[PDB]
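>>> Quick one, fold the following:
(6 chains, ligands or ions: 22)
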Amino acid sequence: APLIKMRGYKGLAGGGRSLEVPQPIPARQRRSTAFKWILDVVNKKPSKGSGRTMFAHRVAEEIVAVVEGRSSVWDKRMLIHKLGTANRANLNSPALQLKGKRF
Amino acid sequence: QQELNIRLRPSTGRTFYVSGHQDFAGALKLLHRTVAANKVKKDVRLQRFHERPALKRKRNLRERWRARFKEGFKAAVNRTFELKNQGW
Amino acid sequence: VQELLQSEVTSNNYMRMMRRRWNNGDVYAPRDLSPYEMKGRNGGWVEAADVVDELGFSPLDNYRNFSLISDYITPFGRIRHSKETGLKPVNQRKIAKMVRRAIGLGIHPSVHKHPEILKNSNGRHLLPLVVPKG
Amino acid sequence: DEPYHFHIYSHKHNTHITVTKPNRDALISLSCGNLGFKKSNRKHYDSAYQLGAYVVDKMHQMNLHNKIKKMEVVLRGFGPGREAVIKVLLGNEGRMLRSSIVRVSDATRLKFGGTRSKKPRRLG
Amino acid sequence: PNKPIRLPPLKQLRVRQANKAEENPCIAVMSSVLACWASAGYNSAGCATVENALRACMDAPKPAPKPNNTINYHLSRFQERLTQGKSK
RNA sequence: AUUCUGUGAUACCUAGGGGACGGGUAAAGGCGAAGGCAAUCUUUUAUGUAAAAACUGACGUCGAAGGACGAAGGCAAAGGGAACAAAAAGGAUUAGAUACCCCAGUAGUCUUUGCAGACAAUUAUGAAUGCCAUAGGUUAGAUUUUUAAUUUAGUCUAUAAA
Ligand SMILES: [K+]
Ligand SMILES: [K+]
Ligand SMILES: [K+]
Ligand SMILES: [K+]
Ligand SMILES: [K+]
Ligand SMILES: [Mg+2]
Ligand SMILES: [Mg+2]
Ligand SMILES: [Mg+2]
Ligand SMILES: [Mg+2]
Ligand SMILES: [Mg+2]
Ligand SMILES: [Mg+2]
Ligand SMILES: [Mg+2]
Ligand SMILES: [Mg+2]
Ligand SMILES: [Mg+2]
Ligand SMILES: [Mg+2]
Ligand SMILES: [Mg+2]
Ligand SMILES: [Mg+2]
Ligand SMILES: [Mg+2]
Ligand SMILES: [Mg+2]
Ligand SMILES: [Mg+2]
Ligand SMILES: [Mg+2]
Ligand SMILES: [Mg+2]
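Residues are numbered from 1 along each chain as shown, chains lettered A, B, ... in the order given. Ligands and ions are numbered 1, 2, ... in the order given. Here you go, the structure:
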């Protein structure tokens, strides 16, 4: 589960570009984002067998790949963490503090 | 000094040394306060472009009044609590 | 015995919070010991009076005093505002013109204090040097 | 004996870091573009932080954390790198060099009058 | 140095933000976490503690807001008596 | 993007040369008929302000015209030329872009001598005289029981009668 979320401010980074700023997210938002990544990787995998355990076992296998560190969701976690570190300075950007104070 | 001569340049005045009761993190804070009190950053922003005399005179009048109005406002705010304390 | 050293640390800590210098004859009330009085709301060490009138000297006639010039400029060589000096407009102009004369005449630096004054101030062995480079 | 220097020149669009000898001869003169940052990526606070960490790392390779006993940090300009590179020296990267710092100077260039500057821009 | 001026007649004497709009106490904790990832790396072990502190933020309840400051009420009582008048 | 750079730039230094410009102080501050006047030393020039005495004794105010002065840009001549920058030109943006932005850039700005006389040359308020109630600041003095009051001449803020 990631520890931060990227919120964007419309038209404050330059020529129509947005100002992305990281922010923390509570537990329920961390678990929700994590488990939804897992289901995204599961739905894209191909079918394996038959019966009533297809979807269940296909999800459980991804849960094991996560604990073993060989899953694909680890890349999405590190990808969003990079955006946070690459934008940790925007928390005090001149645009975010000069909205209507330059009459 | 007698052997080596002191380097007398504008940076010589903006220098802060590390000592026993002042570490590197302490000298940085002292350097920032003095650099702010001397308005070094403001000069770099005003010297970036040219402001003809009339525009500079009118910009000062606007900034000098906002400074008096703000200073006279803080006196009324605190004068209000001197009277409230007395019970008026 | 180390337990005695930490006591000296805790002691001096409180001594820093007592932002007041008691003197003989100073009257005090139970209120003069509360935080509101020890906090020292005054954020300015204002000067009593115009020292130029109290010391009775003509600035222009004392331009050659290097210590007097360095006293009325910031470490960056900038003349001090009347807020810091606490002078009347007439005496502020005389001390400002006294600094500009010394700097204009070329006997006092313009971006720092006089070199001979830097040799004495703290950081003597650390002053920036000029390596001959050749 | 004069210390070494760790000049940090930073402005709106780039940041330069120069490590010189006591006689002010450059040993490591690098910029944000030396790390591969292209036209506009050089102004980012993050790119200035990586340049500081890179220079500090290159100093260790040259064995300067043992050769340098006294060092000076000279700041010039008020760009993003003024704060980024300071947090590198003050952080975990400058652990070895933080103890050899003896001075902190500011060398931002100002003109008492001087030549005329550009005319104000009309962006709107 | 001169003394604070006497404010001219204003429509209303008041402060914009009566109560200090304090900042979210954890935006500072996140900056520390983002600071470690830049120096120690993402999957490192040194940042394992700061991450626990960040996770501790959102699990704690939000402090309740303070009662409103009555400064503006008292400023409106002493306006005419503290300034040159009140604008109509 | 044009552009600079391996003929070694940017960055960091040492040693020489050049041209202009004037940081802080600085304020509702000051000065002059106005235009205008802000680094420094010496030299040089007319008014103006305060307090006391003395002196002249209406010698005053306004003022068509003439003459003088008069910002910036400009013309003419001889210098200067770092920086800035009309023009000319290039790169972008745009439906198109002379333009706003950008790389560069000549007159010009600066010096000396003339011409020129138009300005939101403004307080959108000619100069001057007598007079009319207060309050809060501020500038240069004077008086005093120099704390702080009183007072002369300026300047600004908010009001009374009007
Ligand atoms: K470089
Ligand atoms: K004028
Ligand atoms: K140009
Ligand atoms: K064009
Ligand atoms: K008055
Ligand atoms: Mg079924
Ligand atoms: Mg241009
Ligand atoms: Mg536009
Ligand atoms: Mg070379
Ligand atoms: Mg010159
Ligand atoms: Mg000045
Ligand atoms: Mg006058
Ligand atoms: Mg007349
Ligand atoms: Mg006439
Ligand atoms: Mg002319
Ligand atoms: Mg001319
Ligand atoms: Mg010519
Ligand atoms: Mg001229
Ligand atoms: Mg003429
Ligand atoms: Mg004019
Ligand atoms: Mg007339
Ligand atoms: Mg005036």
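>>> OK, contacts around residue A:76?
Residues near residue A:76 by CB atoms under 8 Å, 6 or more residues apart in numbering or on different chains: residue A:37. C-betas here are computed from N, CA, C, even on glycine.
>>> Which parts of stretch D:45-62 count as buried, going by neighbours?
D:45-56, D:59 (16 or more other CB atoms under 10 Å in any protein chain shown).
>>> For chain B, see how far away residue C:114 is.
10 Å (CB to the nearest CB, to the nearest Å).
>>> so that residue makes contact with residue C:99?
No: using CB atoms under 8 Å, residue C:114 is not in contact with residue C:99, being 11.9 Å away.
>>> where does residue D:124 land in three-state SS?
coil (DSSP: H, G, I helix; E, B strand; the rest coil).
>>> Can you tell me how far it is from residue C:46?
Residue D:124 is 46 Å from residue C:46, where distance means CB to CB, to the nearest Å.
>>> which one of these two has more residues nearby?
Taking other CB atoms under 10 Å in any protein chain shown, residue D:124 and residue C:46 do not tie; residue C:46 has more neighbours (9 against 3).
>>> ok, that one - contacts?
residue C:86.
>>> Longest helix in chain D, please.
Secondary structure of chain D per DSSP state H: the longest helix is helix D:45-61.
>>> quick one: it near RNA strand F?
No: Helix D:45-61 stays clear of RNA strand F (CB under 7 Å from any atom of the strand), getting no nearer than 11.1 Å.
>>> And the next helix or strand past that helix?
Next helix or strand after helix D:45-61 toward the C-terminus (DSSP states H and E): helix D:64-67.
>>> which residues of the chain fall in helices?
No chain in the question, so chain A it is. A:27-44, A:54-67, A:73-85.
>>> To clarify, I was referring to chain B.
Using DSSP H, the helices of chain B run over residues B:10-13, B:24-37, B:40-46, B:53-86.
>>> Could you do chain C as well?
C:2-17, C:35-38, C:51-55, C:66-71, C:82-85, C:89-105, C:115-118.
>>> Run through who's touching the second one.
Identification of contacts with helix C:35-38 by CB under 8 Å, 6+ apart yields C:17-20, C:31.
>>> Minimum distance to chain A, which residue of chain B gives it?
residue B:62 (11.7 Å; CB to the nearest CB).
>>> For residue E:10, see how far away the residue nearest to residue E:5 when sequence neighbours are not counted is.
Closest residue to residue E:5 apart from its sequence neighbours, by CB to CB, 6 or more residues apart in numbering or on different chains: residue B:72 at 4.0 Å. Distance, residue B:72 to residue E:10, using CB to CB: 11 Å.
>>> hmm, back to that, which one of the buried residues of stretch D:45-62 sits closest to chain E?
Comparing these against chain E with CB to the nearest CB places residue D:49 closest, at 6.1 Å.
>>> so that closest one makes contact with residue D:83?
No: using CB under 8 Å, residue D:49 is not in contact with residue D:83; the gap is 9.2 Å.
>>> surely residue B:79 meets residue E:82?
Yes: between residue B:79 and residue E:82 there is a contact under CB under 8 Å: 6.1 Å.
>>> of these two, who's got more company?
For residue B:79 versus residue E:82, neighbours defined as other CB under 10 Å are more numerous around residue E:82 (18 against 14).
>>> Now do the phi/psi pair for that one.
The phi and psi values for residue E:82, taken as degrees, to the nearest 10, are phi -110, psi -20.
>>> Which residue, other than its chain neighbours, is closest to it?
Using CB to CB, 6+ apart, the closest residue to residue E:82 is residue B:76 (4.7 Å).
>>> can you count the residues close to that neighbour?
20.
>>> Residue E:7 is in contact with that one, correct?
Yes: counting by CB under 8 Å, residue B:76 touches residue E:7, with 6.0 Å between them.
>>> Could you name every residue contacting both of these two?
Common neighbours of residue B:76 and residue E:7 (CB under 8 Å, 6+ apart) are E:13, E:82-83.
>>> Buried residues, stretch E:79-88. List them.
For stretch E:79-88, a neighbour-count test (16+ other CB under 10 Å) marks E:79, E:82-83 as buried.
>>> quick one: terminal-to-terminal distance for it?
Stretch E:79-88 has an end-to-end distance of 13 Å (CA to CA, to the nearest Å).
>>> Give me the number of neighbouring residues for the closest residue to residue A:5 other than its chain neighbours.
Leaving out its chain neighbours, the residue that sits closest to residue A:5 by CB to CB, 6+ apart is residue A:25, at 4.8 Å. Residues contacting residue A:25 under the criterion other CB under 10 Å number 17.
>>> What's the nearest residue in chain D when you look at chain A?
Nearest to chain A, among the residues of chain D, is residue D:45, at 3.6 Å (CB to the nearest CB).
>>> Can you tell me how far the nearest residue to that residue once chain neighbours are set aside is from chain B?
Leaving aside its chain neighbours, residue D:45 sits nearest to residue A:89 (3.6 Å; criterion: CB to CB, 6+ apart). Using CB to the nearest CB, residue A:89 is found at 18 Å from chain B.
>>> RNA strand F contacts on chain D?
D:5, D:7, D:9, D:16, D:18, D:20, D:23-26, D:29, D:31, D:39, D:74, D:76, D:107, D:112-119, D:121-124.
>>> Cross-check those against chain B and keep the overlap.
D:74, D:107, D:114, D:116-119, D:121 (CB under 8 Å from any CB of the partner chain).
>>> Give me the subset of those residues lying in strands.
residue D:74 (DSSP state E).
>>> Among the ones next to chain B among the residues of chain D next to RNA strand F, the buried ones, what's the PyMOL command?
Remark: buried members of those, expressed as a PyMOL selection using 16+ other CB under 10 Å:
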select buried, chain D and resi 74+107
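>>> Out of the ones next to chain B among the residues of chain D next to RNA strand F, which two sit at the greatest distance?
The most widely separated members of these are D:74 and D:119, with 31.7 Å between them, by CB to CB.
>>> What count of nearby residues applies to the closest residue to RNA strand F within chain A?
Of all residues in chain A, residue A:15 sits closest to RNA strand F, at 9.3 Å by CB to the nearest atom of the strand. Other residues within reach of residue A:15, judged by other CB under 10 Å, total 5.
>>> got the contact list for the residue nearest to residue E:82?
By CB under 8 Å, 6+ apart, the neighbours of residue B:76 are E:7, E:13, E:75, E:78, E:82-83.
>>> Could you dump these into a markdown table and include secondary structure and distance to RNA strand F?
Listed next are these as a markdown table, based on DSSP: H, G, I helix; E, B strand; the rest coil; distance: CB to the nearest atom of the strand, whole Å:
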| residue | secondary structure | distance to RNA strand F |
| --- | --- | --- |
| E:7 | coil | 9 |
| E:13 | coil | 14 |
| E:75 | helix | 19 |
| E:78 | coil | 15 |
| E:82 | helix | 11 |
| E:83 | coil | 9 |
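>>> Out of those, which is nearest to residue E:25?
residue E:75 (29.8 Å).
>>> Enumerate the residues of chain B near RNA strand F.
Residues of chain B lying near RNA strand F (CB under 7 Å from any atom of the strand): B:7, B:43, B:50, B:53, B:60-61, B:64-65, B:68.
>>> Find the nearest non-adjacent residue to the most centrally placed residue in chain B, please.
For chain B, the residue nearest the mean C-alpha position is residue B:37 (2.3 Å; CA atoms, centre = their mean). Excluding the flanking residues, the one nearest residue B:37 by CB to CB, 6+ apart is residue C:74, at 7.3 Å.
>>> In chain D, which residue sits nearest chain E?
residue D:92 (4.9 Å).
>>> which phi and psi does that residue have?
According to degrees, to the nearest 10, residue D:92 has phi -90, psi -20.
>>> Does it touch residue E:38 like I think?
No: counting by CB under 8 Å, residue D:92 sits too far from residue E:38 to count as a contact (9.9 Å).
>>> Out of the two, name the residue with the larger neighbour count.
Counted by other CB under 10 Å, residue D:92 and residue E:38 do not tie: residue E:38 has more neighbours, with 23 against 15.
>>> May I ask which helix or strand encompasses that one?
Counting by DSSP H and E, residue E:38 is found in helix E:27-39.
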